[PDB]
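Chemist: This is the structure, below, for whatever I ask next.
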Amino acid sequence: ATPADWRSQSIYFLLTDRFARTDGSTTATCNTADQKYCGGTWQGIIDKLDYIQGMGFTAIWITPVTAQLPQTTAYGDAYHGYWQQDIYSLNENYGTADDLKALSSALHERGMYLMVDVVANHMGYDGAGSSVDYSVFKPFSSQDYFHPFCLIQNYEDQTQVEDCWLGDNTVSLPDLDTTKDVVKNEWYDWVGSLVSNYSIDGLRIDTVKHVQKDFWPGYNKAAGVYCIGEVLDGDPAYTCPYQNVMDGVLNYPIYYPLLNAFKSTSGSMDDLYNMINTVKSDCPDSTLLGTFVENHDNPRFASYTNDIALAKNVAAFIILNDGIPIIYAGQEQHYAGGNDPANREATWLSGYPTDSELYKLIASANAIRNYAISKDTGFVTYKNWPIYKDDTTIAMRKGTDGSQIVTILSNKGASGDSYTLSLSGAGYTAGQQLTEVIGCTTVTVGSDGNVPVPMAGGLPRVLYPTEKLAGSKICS
Ligand SMILES: CCCCCCCCCCCCCCCC(=O)O
Ligand SMILES: CCCCCCCCCCCCCCCC(=O)O
Ligand SMILES: *[C@@H]1O[C@H](CO)[C@@H](O)[C@H](O)[C@H]1NC(C)=O
Ligand SMILES: OC[C@H]1O[C@H](O)[C@@H](O)[C@@H](O)[C@@H]1O
Ligand SMILES: [Ca+2]
C-alpha cells in the first residue's frame with residue numbers, strides 16, 4: 001500500500017514472541033528477565049485479531065521475521081527478531097511461511113494492513129566481533145560484505161554511526177557495507193521479494209540512521225510500499241531530514257515532549273505545543289510520521305506513573321495527532337515495564353480484557369478518527385493545529401471546517417478538579433451542538449463562539465459536531 005493509503009491507518013505494534021501463543025494460553029509463563037522465547041506465533045496473532053480490531057486499529061506492525069542467531073547469548077535469545085543471520089529462512093519459533101501468509105490473508109480479509117519490521121544495517125552474532133564466523137550469514141556469507149569491525153563510540157560522528165558496528169563484544173552486530181553494489185542489489189531484491197511473498201502492505205525499517213542516506217531511496221523504491229523508518233533521535237533537525245529519503249519516520253521528535261507533558265502533573269505543555277508546530281513546518285510531511293509514546297526500546301508510559309487519567313490523555317493524543325497512530329501491545333492494558341527486557345511483557349497474561357479502561361478509551365478515540373476520515377477526505381492531510389495551552393492543558397484542532405475534531409487534553413491527573421474551560425479558536429459555529437465522544441455528552445458552542453468544556457477527573461475530551469454523527473455507532 002502507498003504512503004497515501006497509509007495516512008488513514010492506525011497501527012497496533014506487537015512483538016510476535018510476546019503477543020499470542022498458538023495454544024491461546026493466557027497463563028503460559030513469560031518472565032521478561034529470562035530474555036527467552038516465550039512462544040508467541042503468527043497463528044496466535046490470527047486468533048486474536050478480533051481483540052485488536054475491537055480497538056479500532058486498521059493495521060499491525062510485527063517484529064522481524066527472518067531467521068536469527070540460535071544461541072542463548074548472555075543477553076538472552078533472539079526472541080525480538082533484531083539479530084538475524086539467514087534472511088532467506090523464517091524464524092521458525094513463529095511458525096512457517098504458510099502461517100505468515102495466512103496472517104497476511106486474515107488481516108486482508110478484515111480490511112486491515114500488515115506492516116513488517118525489517119533490518120538492513122546488521123546481522124547478529126553470539127560473541128565478540130573478532131570471533132565472527134561469517135559463513136553462518138545467508139546470503140552474506142563472507143567478511144567482504146561487512147564493514148571492518150569497530151564499535152560506535154561517538155554518536156555525533158555520523159560516519160562512525162554508519163560505518164561502525166552496533167552492539168558490543170557480548171552480542172555483536174556485524175555491520176553490512178551498504179555502500180557496496182552487491183550488498184545494495186541483494187537487499188533491494190530481497191525486500192521486493194519479501195513484500196511479494198507475504199503480501200506485505202508496509203514496512204517499518206530498523207536502525208535507519210546507521211545506514212548512509214543514499215541507501216534508502218533505492219530500498220524504499222524496491223519495497224514498493226510505504227516505509228516508516230526508525231531514526232532514534234529526538235532532534236527534528238536530525239530526524240526529519242530522513243523523510244527526504246524515506247516515506248516516513250517514527251516521530252521521536254514528538255515522543256520526548258509528549259511523554260514529559262503527561263508523565264506527571266507538572267509536565268510541560270509548552271514543549272509539546274511548540275514541537276507540534278516545529279514538526280508541522282520543518283518535517284517534509286508530518287502526516288506521514290508515526291506518533292507513539294510507548295515501545296520496546298523505552299520505559300512504558302505507566303513505568304513513569306500509574307495514573308490512569310494521564311494514560312488516557314497520552315493515548316488520545318497518539319490517536320488524534322497528525323500521522324499514523326502507533327500503540328504498543330500492553331499499553332492498552334496499562335503495562336508498566338521499564339527498559340528492555342522489562343517492556344517486553346507478554347500480552348496474553350493480561351487475559352486480553354476488552355473492558356479495561358485504556359482498551360475502551362483507545363476504542364473510542366480510534367472510532368471517531370476512523371469515522372471522521374470516512375466523512376472527510378481532508379482529515380488526514382489537514383495539519384494538526386494547537387489552538388490552546390495553559391499550565392495543565394493543551395487543545396488542538398484537526399479536520400476540514402465543519403467536520404473538525406477538537407481535542408482538549410489535560411495533565412491534571414485522576415484527582416483533577418472540576419471546572420469549565422472556555423475554549424476559543426475551535427472554529428465551530430455559534431450555538432452548534434458538539435458531542436464529546438469519549439464520555440458521550442453534548443455541549444453547545446456559546447454565542448461568543450467559545451466552547452464551555454466541562455473538565456473533570458483529568459479526563460481527555462474529544463469534540464465533534466453532533467449532526468455529523470447521524471447514523472454512526474458513536475455514542476448511541
Ligand atoms: C541534514 C540532516 C541533519 C544532520 C545534523 C542535525 C543535527 C541535529 C542534532 C543531532 C542529533 C544527535 C547527534 C547527531 C549529529 C550529526 O548530525 O552528526
Ligand atoms: C522532501 C520534500 C519536502 C522538503 C521540505 C522540508 C521542510 C518543509 C516541510 C513541508 C511544509 C509543510 C508545512 C505547511 C503546513 C502548515 O504549517 O499548516
Ligand atoms: C520468496 O518465496 C520463494 C518461494 O516461492 C522463496 O524461495 C524465497 O526465498 C522467498 N523470498 C523471501 C525474501 O522471502
Ligand atoms: O539471492 C541471495 C542468495 O544468496 C545465497 O545463495 C543464499 O543465501 C540464498 O538463500 C540467497 O537467496
Ligand atoms: Ca551501518
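Residue numbering restarts at 1 for every chain of the C-alpha cells, chains are lettered A, B, ... in their displayed order, and ligands are numbered from 1 as they appear.
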Please identify every polymer residue within 8 Å of ligand 4, using only C-alpha atoms and all ligand atoms, and present the set as a CSV table (one decimal) with C-alpha atoms, in the first residue's frame.
Modeler:
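In the end it all went to part_7.csv:
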```csv
chain,number,residue,atom,x,y,z
A,86,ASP,CA,19.7,-16.1,7.5
A,87,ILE,CA,17.4,-13.7,5.6
A,88,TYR,CA,16.0,-16.5,3.3
A,89,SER,CA,14.6,-18.5,6.2
A,137,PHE,CA,25.3,-15.5,7.4
A,138,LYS,CA,23.0,-16.2,4.4
A,139,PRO,CA,23.4,-14.8,1.8
A,140,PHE,CA,26.2,-12.5,3.1
A,141,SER,CA,28.5,-15.4,3.9
A,186,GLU,CA,20.8,-8.1,-2.8
A,189,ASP,CA,16.0,-7.8,-4.5
A,190,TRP,CA,15.3,-9.3,-1.1
```
Chemist: Mind the document's chain letters and residue numbers, and return as a short mmCIF file (atom, residue, chain, number, x, y, z; two decimals) with N, CA, C and O atoms, in the first residue's frame the residues of stretch 89-299 of chain A that DSSP labels alpha helix (DSSP H).
Modeler:
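Produced file selection.cif, reproduced below:
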```
data_model
loop_
_atom_site.label_atom_id
_atom_site.label_comp_id
_atom_site.auth_asym_id
_atom_site.auth_seq_id
_atom_site.Cartn_x
_atom_site.Cartn_y
_atom_site.Cartn_z
N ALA A 97 6.20 -20.37 6.71
CA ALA A 97 5.84 -19.43 5.66
C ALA A 97 4.34 -19.40 5.42
O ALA A 97 3.77 -18.34 5.15
N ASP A 98 3.68 -20.56 5.48
CA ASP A 98 2.24 -20.56 5.24
C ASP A 98 1.51 -19.82 6.36
O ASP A 98 0.52 -19.11 6.10
N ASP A 99 2.01 -19.95 7.60
CA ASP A 99 1.45 -19.20 8.72
C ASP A 99 1.56 -17.69 8.48
O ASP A 99 0.59 -16.95 8.69
N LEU A 100 2.73 -17.22 8.02
CA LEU A 100 2.90 -15.79 7.80
C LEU A 100 1.98 -15.33 6.68
O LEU A 100 1.32 -14.28 6.78
N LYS A 101 1.90 -16.11 5.61
CA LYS A 101 0.95 -15.80 4.54
C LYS A 101 -0.48 -15.82 5.06
O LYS A 101 -1.30 -14.98 4.67
N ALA A 102 -0.79 -16.78 5.93
CA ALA A 102 -2.13 -16.87 6.49
C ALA A 102 -2.45 -15.64 7.33
O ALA A 102 -3.58 -15.11 7.28
N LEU A 103 -1.47 -15.16 8.10
CA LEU A 103 -1.66 -13.93 8.88
C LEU A 103 -1.99 -12.77 7.97
O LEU A 103 -2.93 -12.01 8.22
N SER A 104 -1.19 -12.60 6.91
CA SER A 104 -1.43 -11.56 5.93
C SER A 104 -2.84 -11.67 5.36
O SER A 104 -3.56 -10.67 5.24
N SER A 105 -3.24 -12.88 5.00
CA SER A 105 -4.56 -13.07 4.41
C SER A 105 -5.67 -12.75 5.40
O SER A 105 -6.65 -12.07 5.05
N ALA A 106 -5.53 -13.20 6.65
CA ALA A 106 -6.54 -12.90 7.66
C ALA A 106 -6.67 -11.40 7.89
O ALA A 106 -7.78 -10.89 8.09
N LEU A 107 -5.55 -10.67 7.89
CA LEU A 107 -5.66 -9.23 8.01
C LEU A 107 -6.42 -8.65 6.83
O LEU A 107 -7.34 -7.85 7.00
N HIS A 108 -6.07 -9.09 5.63
CA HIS A 108 -6.69 -8.54 4.43
C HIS A 108 -8.18 -8.87 4.36
O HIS A 108 -8.96 -8.04 3.87
N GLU A 109 -8.57 -10.03 4.87
CA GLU A 109 -9.99 -10.39 4.91
C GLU A 109 -10.78 -9.45 5.81
O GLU A 109 -11.97 -9.23 5.58
N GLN A 158 28.81 11.11 12.28
CA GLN A 158 27.81 10.37 11.52
C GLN A 158 28.44 9.28 10.69
O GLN A 158 27.84 8.24 10.48
N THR A 159 29.69 9.48 10.25
CA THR A 159 30.38 8.41 9.52
C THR A 159 30.58 7.19 10.41
O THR A 159 30.36 6.06 9.98
N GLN A 160 30.97 7.42 11.68
CA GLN A 160 31.16 6.33 12.63
C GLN A 160 29.83 5.67 12.96
O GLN A 160 29.75 4.44 13.05
N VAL A 161 28.76 6.46 13.06
CA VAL A 161 27.42 5.92 13.31
C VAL A 161 27.02 4.94 12.21
O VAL A 161 26.36 3.92 12.45
N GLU A 162 27.43 5.25 10.98
CA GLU A 162 27.07 4.45 9.83
C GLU A 162 28.04 3.30 9.56
O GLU A 162 27.61 2.25 9.07
N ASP A 163 29.34 3.51 9.80
CA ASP A 163 30.33 2.55 9.34
C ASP A 163 30.82 1.60 10.43
O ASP A 163 31.37 0.54 10.08
N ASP A 181 27.71 -2.18 -4.16
CA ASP A 181 26.65 -2.54 -5.10
C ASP A 181 26.10 -3.93 -4.81
O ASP A 181 24.89 -4.14 -4.85
N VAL A 182 26.97 -4.91 -4.52
CA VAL A 182 26.46 -6.26 -4.34
C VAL A 182 25.54 -6.34 -3.14
O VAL A 182 24.57 -7.10 -3.14
N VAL A 183 25.84 -5.55 -2.09
CA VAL A 183 25.02 -5.54 -0.88
C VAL A 183 23.70 -4.83 -1.15
O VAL A 183 22.62 -5.36 -0.83
N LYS A 184 23.75 -3.62 -1.70
CA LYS A 184 22.53 -2.90 -2.07
C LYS A 184 21.65 -3.72 -3.00
O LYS A 184 20.43 -3.81 -2.81
N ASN A 185 22.24 -4.31 -4.05
CA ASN A 185 21.40 -5.02 -5.00
C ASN A 185 20.70 -6.20 -4.34
O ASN A 185 19.52 -6.46 -4.61
N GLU A 186 21.42 -6.92 -3.47
CA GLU A 186 20.84 -8.06 -2.79
C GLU A 186 19.71 -7.62 -1.85
O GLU A 186 18.63 -8.23 -1.85
N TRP A 187 19.94 -6.57 -1.03
CA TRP A 187 18.86 -6.12 -0.15
C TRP A 187 17.65 -5.65 -0.95
O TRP A 187 16.51 -5.92 -0.56
N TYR A 188 17.87 -4.94 -2.06
CA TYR A 188 16.75 -4.45 -2.85
C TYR A 188 15.97 -5.60 -3.45
O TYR A 188 14.73 -5.58 -3.45
N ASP A 189 16.66 -6.61 -3.98
CA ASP A 189 15.96 -7.79 -4.47
C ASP A 189 15.23 -8.50 -3.34
O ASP A 189 14.07 -8.91 -3.49
N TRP A 190 15.89 -8.65 -2.19
CA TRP A 190 15.27 -9.34 -1.07
C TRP A 190 14.01 -8.62 -0.61
O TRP A 190 12.99 -9.27 -0.34
N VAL A 191 14.05 -7.29 -0.47
CA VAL A 191 12.89 -6.65 0.15
C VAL A 191 11.70 -6.68 -0.81
O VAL A 191 10.56 -6.93 -0.40
N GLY A 192 11.95 -6.48 -2.10
CA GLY A 192 10.87 -6.61 -3.06
C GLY A 192 10.25 -8.00 -3.02
O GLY A 192 9.01 -8.14 -3.07
N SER A 193 11.09 -9.03 -2.88
CA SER A 193 10.61 -10.40 -2.84
C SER A 193 9.90 -10.74 -1.53
O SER A 193 8.92 -11.50 -1.53
N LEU A 194 10.40 -10.23 -0.40
CA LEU A 194 9.69 -10.43 0.87
C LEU A 194 8.28 -9.87 0.78
O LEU A 194 7.30 -10.52 1.17
N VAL A 195 8.17 -8.65 0.27
CA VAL A 195 6.88 -7.98 0.16
C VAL A 195 5.93 -8.80 -0.72
O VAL A 195 4.76 -9.00 -0.37
N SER A 196 6.43 -9.31 -1.84
CA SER A 196 5.59 -10.08 -2.74
C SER A 196 5.15 -11.40 -2.11
O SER A 196 3.96 -11.73 -2.10
N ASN A 197 6.09 -12.12 -1.52
CA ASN A 197 5.79 -13.43 -0.95
C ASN A 197 4.69 -13.38 0.09
O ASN A 197 3.83 -14.26 0.14
N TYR A 198 4.72 -12.39 0.98
CA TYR A 198 3.82 -12.38 2.12
C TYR A 198 2.77 -11.28 2.00
O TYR A 198 2.02 -11.06 2.96
N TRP A 216 18.75 4.57 1.03
CA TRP A 216 17.35 4.38 1.38
C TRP A 216 16.38 4.67 0.27
O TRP A 216 15.38 3.98 0.20
N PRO A 217 16.59 5.65 -0.62
CA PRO A 217 15.63 5.81 -1.72
C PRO A 217 15.51 4.54 -2.54
O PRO A 217 14.41 4.08 -2.84
N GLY A 218 16.64 3.93 -2.88
CA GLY A 218 16.59 2.67 -3.61
C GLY A 218 15.86 1.56 -2.87
O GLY A 218 15.17 0.73 -3.48
N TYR A 219 16.05 1.48 -1.55
CA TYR A 219 15.39 0.46 -0.76
C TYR A 219 13.88 0.69 -0.70
O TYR A 219 13.09 -0.23 -0.91
N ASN A 220 13.48 1.92 -0.42
CA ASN A 220 12.05 2.28 -0.36
C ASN A 220 11.39 2.00 -1.69
O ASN A 220 10.28 1.46 -1.75
N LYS A 221 12.09 2.30 -2.78
CA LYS A 221 11.55 2.04 -4.12
C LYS A 221 11.40 0.54 -4.36
O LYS A 221 10.36 0.07 -4.83
N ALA A 222 12.43 -0.23 -4.02
CA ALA A 222 12.36 -1.66 -4.29
C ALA A 222 11.29 -2.34 -3.46
O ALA A 222 10.73 -3.35 -3.88
N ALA A 223 11.04 -1.84 -2.24
CA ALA A 223 10.00 -2.42 -1.41
C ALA A 223 8.63 -2.26 -2.07
O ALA A 223 7.75 -3.12 -1.92
N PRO A 236 14.40 17.21 15.76
CA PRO A 236 13.77 17.22 14.43
C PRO A 236 14.72 17.67 13.33
O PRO A 236 14.55 17.26 12.19
N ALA A 237 15.76 18.44 13.67
CA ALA A 237 16.75 18.83 12.66
C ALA A 237 17.60 17.65 12.18
O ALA A 237 18.17 17.73 11.09
N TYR A 238 17.71 16.58 12.96
CA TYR A 238 18.40 15.37 12.54
C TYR A 238 17.45 14.35 11.95
O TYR A 238 17.77 13.71 10.93
N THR A 239 16.29 14.17 12.57
CA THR A 239 15.38 13.09 12.20
C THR A 239 14.51 13.43 10.99
O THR A 239 14.35 12.59 10.10
N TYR A 252 9.99 10.38 16.80
CA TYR A 252 10.78 10.59 18.00
C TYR A 252 10.87 12.05 18.41
O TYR A 252 10.96 12.29 19.64
N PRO A 253 10.81 13.06 17.52
CA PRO A 253 10.77 14.45 17.98
C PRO A 253 9.60 14.74 18.92
O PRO A 253 9.82 15.37 19.97
N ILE A 254 8.39 14.27 18.58
CA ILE A 254 7.23 14.45 19.44
C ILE A 254 7.30 13.56 20.67
O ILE A 254 6.84 13.95 21.74
N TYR A 255 7.89 12.36 20.56
CA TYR A 255 7.93 11.43 21.68
C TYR A 255 8.39 12.08 22.99
O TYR A 255 7.73 11.96 24.03
N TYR A 256 9.58 12.72 23.00
CA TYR A 256 10.10 13.16 24.29
C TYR A 256 9.22 14.22 24.93
O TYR A 256 8.89 14.05 26.12
N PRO A 257 8.73 15.25 24.23
CA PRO A 257 7.85 16.23 24.91
C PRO A 257 6.46 15.71 25.21
O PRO A 257 5.82 16.16 26.17
N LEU A 258 5.97 14.80 24.39
CA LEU A 258 4.71 14.15 24.65
C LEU A 258 4.77 13.35 25.95
O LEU A 258 3.87 13.42 26.77
N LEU A 259 5.81 12.52 26.10
CA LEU A 259 6.00 11.78 27.34
C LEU A 259 6.10 12.75 28.53
O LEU A 259 5.48 12.53 29.58
N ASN A 260 6.93 13.78 28.39
CA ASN A 260 7.15 14.68 29.52
C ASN A 260 5.89 15.44 29.87
O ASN A 260 5.62 15.68 31.06
N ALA A 261 5.09 15.82 28.87
CA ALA A 261 3.88 16.59 29.15
C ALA A 261 2.90 15.82 30.03
O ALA A 261 2.21 16.42 30.86
N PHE A 262 2.81 14.50 29.85
CA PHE A 262 1.78 13.74 30.53
C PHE A 262 2.26 12.75 31.58
O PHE A 262 1.41 12.17 32.27
N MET A 269 3.38 21.59 28.97
CA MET A 269 2.53 21.67 27.79
C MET A 269 3.18 22.52 26.70
O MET A 269 2.91 22.32 25.52
N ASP A 270 4.02 23.49 27.08
CA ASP A 270 4.64 24.38 26.10
C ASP A 270 5.52 23.58 25.14
O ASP A 270 5.45 23.77 23.92
N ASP A 271 6.37 22.71 25.69
CA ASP A 271 7.31 21.97 24.86
C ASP A 271 6.58 21.11 23.85
O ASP A 271 7.03 20.96 22.71
N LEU A 272 5.47 20.51 24.26
CA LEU A 272 4.68 19.70 23.34
C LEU A 272 4.01 20.58 22.29
O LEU A 272 4.09 20.31 21.09
N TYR A 273 3.33 21.65 22.74
CA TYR A 273 2.73 22.60 21.80
C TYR A 273 3.75 23.06 20.76
O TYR A 273 3.49 23.04 19.55
N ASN A 274 4.93 23.46 21.22
CA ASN A 274 5.91 24.00 20.30
C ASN A 274 6.46 22.93 19.37
O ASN A 274 6.72 23.23 18.21
N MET A 275 6.61 21.68 19.84
CA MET A 275 7.12 20.64 18.94
C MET A 275 6.11 20.26 17.87
O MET A 275 6.51 19.97 16.74
N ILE A 276 4.82 20.27 18.18
CA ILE A 276 3.85 20.02 17.13
C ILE A 276 4.08 20.99 15.98
O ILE A 276 4.11 20.62 14.81
N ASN A 277 4.25 22.26 16.32
CA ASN A 277 4.41 23.28 15.28
C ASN A 277 5.77 23.17 14.59
O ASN A 277 5.84 23.37 13.37
N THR A 278 6.83 22.84 15.33
CA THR A 278 8.14 22.66 14.70
C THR A 278 8.07 21.52 13.68
O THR A 278 8.45 21.69 12.51
N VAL A 279 7.54 20.37 14.08
CA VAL A 279 7.41 19.24 13.17
C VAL A 279 6.53 19.59 11.97
O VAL A 279 6.86 19.26 10.82
N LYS A 280 5.42 20.29 12.22
CA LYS A 280 4.48 20.64 11.17
C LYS A 280 5.16 21.41 10.05
O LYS A 280 4.85 21.21 8.88
N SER A 281 6.06 22.31 10.41
CA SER A 281 6.69 23.18 9.42
C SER A 281 8.02 22.64 8.92
O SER A 281 8.35 22.84 7.75
N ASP A 282 8.81 21.96 9.77
CA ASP A 282 10.17 21.59 9.38
C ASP A 282 10.27 20.19 8.78
O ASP A 282 11.20 19.92 8.02
#
```
Chemist: Of the candidates A:469, A:430, A:463, A:166, which one gets nearest to ligand 5 if we count only C-alpha atoms and all ligand atoms?
Modeler: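 Answer, going by the shortest atom-to-atom distance: A:166.
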Chemist: Need the shell around residue A:76: protein/DNA/RNA residues with any atom at most 6 Å away, counting only C-alpha atoms. Skip same-chain ones fewer than 3 positions apart. Format as a PDB file with N, CA, C and O atoms, in the first residue's frame?
Modeler:
```
ATOM      1  N   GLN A  35      14.631 -13.373  29.199  1.00  0.00           N
ATOM      2  CA  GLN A  35      15.013 -12.990  27.832  1.00  0.00           C
ATOM      3  C   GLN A  35      15.038 -14.180  26.889  1.00  0.00           C
ATOM      4  O   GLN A  35      15.896 -14.262  26.005  1.00  0.00           O
ATOM      5  N   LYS A  36      14.061 -15.072  27.042  1.00  0.00           N
ATOM      6  CA  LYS A  36      13.926 -16.238  26.190  1.00  0.00           C
ATOM      7  C   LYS A  36      12.646 -16.198  25.386  1.00  0.00           C
ATOM      8  O   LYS A  36      11.726 -15.427  25.667  1.00  0.00           O
ATOM      9  N   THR A  72      21.320 -19.055  23.044  1.00  0.00           N
ATOM     10  CA  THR A  72      21.021 -18.256  24.239  1.00  0.00           C
ATOM     11  C   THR A  72      22.316 -17.538  24.586  1.00  0.00           C
ATOM     12  O   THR A  72      23.253 -18.130  25.137  1.00  0.00           O
ATOM     13  N   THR A  73      22.396 -16.261  24.184  1.00  0.00           N
ATOM     14  CA  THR A  73      23.553 -15.426  24.458  1.00  0.00           C
ATOM     15  C   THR A  73      23.518 -14.983  25.915  1.00  0.00           C
ATOM     16  O   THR A  73      22.566 -15.249  26.653  1.00  0.00           O
TER      17      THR A  73
END
```
Chemist: Counting only C-alpha atoms, which of A:127, A:427, A:39, A:111 gets nearest to residue A:57?
Modeler: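 The answer is A:111, which sits nearest to residue A:57.
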Chemist: Under the rule that only C-alpha atoms and all ligand atoms are counted, which of A:63, A:53, A:85, A:244 is the nearest residue to ligand 1?
Modeler: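 Selected residue with least distance to ligand 1: A:244.
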Chemist: Neighbours of ligand 5 within 10 Å, counting only C-alpha atoms and all ligand atoms, as a PyMOL selection string?
Modeler: chain A and resi 120-122+146-147+152+159-166+173-179+207-212
Chemist: Taking into account only C-alpha atoms and all ligand atoms, which residue in the set A:407, A:8, A:199, A:347 is nearest to ligand 3?
Modeler: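 Among A:407, A:8, A:199, A:347, it is A:199 that comes nearest to ligand 3.
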Chemist: Could you check the closest approach to residue A:383 for each of A:323, A:439, A:337, A:449 and tell me which residue wins, using only C-alpha atoms?
Modeler: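 Distance minimum relative to residue A:383 lands on A:323.
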Chemist: Find the residues around residue A:457 up to 9 Å (only C-alpha atoms counted), leave out those fewer than 5 positions away in its own chain, and share them as a count of residues only.
Modeler: 8
Chemist: Leaving out residue A:397 and any residue of its chain fewer than 2 positions from it, which residues lie within 8 Å of it when counting only C-alpha atoms, given as a ChimeraX atom specification?
Modeler: /A:384-387,395,399,404-407,426
Chemist: Out of A:243, A:313, A:305, A:392, which residue has the shortest atom-to-atom distance to ligand 1 when counting only C-alpha atoms and all ligand atoms?
Modeler: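 Comparing A:243, A:313, A:305, A:392 against ligand 1, the winner is A:243.
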Chemist: Can you list, as a PDB file with N, CA and C atoms, in the first residue's frame, every protein, DNA or RNA residue that comes within 10 Å of residue A:326 when you count only C-alpha atoms, leaving out same-chain residues fewer than 2 positions away?
Modeler:
```
ATOM      1  N   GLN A   9      -4.307   4.994   8.403  1.00  0.00           N
ATOM      2  CA  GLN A   9      -4.235   3.785   9.188  1.00  0.00           C
ATOM      3  C   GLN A   9      -3.960   4.109  10.661  1.00  0.00           C
ATOM      4  N   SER A  10      -4.195   3.109  11.487  1.00  0.00           N
ATOM      5  CA  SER A  10      -3.882   3.156  12.916  1.00  0.00           C
ATOM      6  C   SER A  10      -3.244   1.838  13.288  1.00  0.00           C
ATOM      7  N   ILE A  11      -2.034   1.876  13.872  1.00  0.00           N
ATOM      8  CA  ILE A  11      -1.207   0.686  13.991  1.00  0.00           C
ATOM      9  C   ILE A  11      -1.150   0.203  15.435  1.00  0.00           C
ATOM     10  N   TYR A  12      -1.357  -1.096  15.606  1.00  0.00           N
ATOM     11  CA  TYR A  12      -1.076  -1.837  16.823  1.00  0.00           C
ATOM     12  C   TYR A  12       0.246  -2.570  16.612  1.00  0.00           C
ATOM     13  N   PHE A  13       1.272  -2.126  17.332  1.00  0.00           N
ATOM     14  CA  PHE A  13       2.601  -2.698  17.252  1.00  0.00           C
ATOM     15  C   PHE A  13       2.743  -3.806  18.282  1.00  0.00           C
ATOM     16  N   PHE A  57      -8.064  -0.452  15.513  1.00  0.00           N
ATOM     17  CA  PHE A  57      -6.852  -0.459  14.706  1.00  0.00           C
ATOM     18  C   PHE A  57      -7.166  -1.026  13.337  1.00  0.00           C
ATOM     19  N   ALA A  59      -4.370  -1.883  11.279  1.00  0.00           N
ATOM     20  CA  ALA A  59      -3.102  -2.438  10.821  1.00  0.00           C
ATOM     21  C   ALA A  59      -2.319  -2.915  12.043  1.00  0.00           C
ATOM     22  N   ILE A  60      -1.453  -3.893  11.820  1.00  0.00           N
ATOM     23  CA  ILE A  60      -0.473  -4.297  12.822  1.00  0.00           C
ATOM     24  C   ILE A  60       0.932  -4.115  12.269  1.00  0.00           C
ATOM     25  N   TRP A  61       1.859  -3.847  13.168  1.00  0.00           N
ATOM     26  CA  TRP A  61       3.294  -3.921  12.888  1.00  0.00           C
ATOM     27  C   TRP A  61       3.840  -5.053  13.742  1.00  0.00           C
ATOM     28  N   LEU A 250       9.384   7.371  12.342  1.00  0.00           N
ATOM     29  CA  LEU A 250       8.770   7.414  13.669  1.00  0.00           C
ATOM     30  C   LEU A 250       8.959   8.802  14.282  1.00  0.00           C
ATOM     31  N   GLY A 290       4.869   8.595  12.294  1.00  0.00           N
ATOM     32  CA  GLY A 290       4.132   7.740  13.212  1.00  0.00           C
ATOM     33  C   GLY A 290       4.235   8.218  14.650  1.00  0.00           C
ATOM     34  N   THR A 291       3.088   8.470  15.277  1.00  0.00           N
ATOM     35  CA  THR A 291       3.021   9.027  16.626  1.00  0.00           C
ATOM     36  C   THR A 291       2.945   7.894  17.643  1.00  0.00           C
ATOM     37  N   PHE A 292       3.764   7.971  18.690  1.00  0.00           N
ATOM     38  CA  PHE A 292       3.777   6.973  19.739  1.00  0.00           C
ATOM     39  C   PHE A 292       4.233   7.610  21.055  1.00  0.00           C
ATOM     40  N   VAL A 293       3.879   6.974  22.178  1.00  0.00           N
ATOM     41  CA  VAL A 293       4.523   7.271  23.454  1.00  0.00           C
ATOM     42  C   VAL A 293       5.104   6.032  24.126  1.00  0.00           C
ATOM     43  N   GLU A 294       4.990   4.861  23.519  1.00  0.00           N
ATOM     44  CA  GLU A 294       5.359   3.612  24.171  1.00  0.00           C
ATOM     45  C   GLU A 294       5.889   2.668  23.114  1.00  0.00           C
ATOM     46  N   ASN A 295       7.037   2.046  23.380  1.00  0.00           N
ATOM     47  CA  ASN A 295       7.568   0.990  22.507  1.00  0.00           C
ATOM     48  C   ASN A 295       8.503   0.091  23.325  1.00  0.00           C
ATOM     49  N   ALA A 315      -2.767   8.502  25.325  1.00  0.00           N
ATOM     50  CA  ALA A 315      -3.269   7.619  24.274  1.00  0.00           C
ATOM     51  C   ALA A 315      -4.182   8.382  23.310  1.00  0.00           C
ATOM     52  N   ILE A 318      -1.939  10.357  20.897  1.00  0.00           N
ATOM     53  CA  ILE A 318      -1.350   9.483  19.878  1.00  0.00           C
ATOM     54  C   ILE A 318      -2.331   9.265  18.752  1.00  0.00           C
ATOM     55  N   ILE A 319      -3.593   9.058  19.092  1.00  0.00           N
ATOM     56  CA  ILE A 319      -4.546   8.714  18.041  1.00  0.00           C
ATOM     57  C   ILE A 319      -4.976   9.944  17.230  1.00  0.00           C
ATOM     58  N   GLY A 323      -0.530  12.190  11.407  1.00  0.00           N
ATOM     59  CA  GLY A 323       0.219  10.991  11.130  1.00  0.00           C
ATOM     60  C   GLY A 323      -0.516   9.746  11.566  1.00  0.00           C
ATOM     61  N   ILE A 324       0.258   8.673  11.655  1.00  0.00           N
ATOM     62  CA  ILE A 324      -0.274   7.338  11.890  1.00  0.00           C
ATOM     63  C   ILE A 324      -0.136   7.025  13.374  1.00  0.00           C
ATOM     64  N   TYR A 328       1.553   0.372  21.380  1.00  0.00           N
ATOM     65  CA  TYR A 328       2.383  -0.805  21.599  1.00  0.00           C
ATOM     66  C   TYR A 328       1.671  -1.792  22.515  1.00  0.00           C
ATOM     67  N   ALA A 329       1.466  -3.009  22.020  1.00  0.00           N
ATOM     68  CA  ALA A 329       0.760  -4.050  22.763  1.00  0.00           C
ATOM     69  C   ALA A 329       1.154  -4.101  24.228  1.00  0.00           C
TER      70      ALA A 329
END
```
Chemist: Using only C-alpha atoms, determine which residues lie at most 12 Å from residue A:44, disregarding the query and same-chain residues fewer than 6 positions distant; provide the list as a PyMOL selection string.
Modeler: chain A and resi 14-26+50-51+93-95+99-100+102-103+106+347-348
Chemist: One number please: atom CA of residue A:354 to atom CA of residue A:31, in Å, one decimal.
Modeler: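 If I compute the distance from atom CA of residue A:354 to atom CA of residue A:31, I get 23.5 Å.
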Chemist: Using DSSP on the backbone, list every residue of stretch 332-418 of chain A that comes out as strand (DSSP E or B), and give them as a VMD selection string.
Modeler: chain A and resid 385 to 389 393 to 398 405 to 410
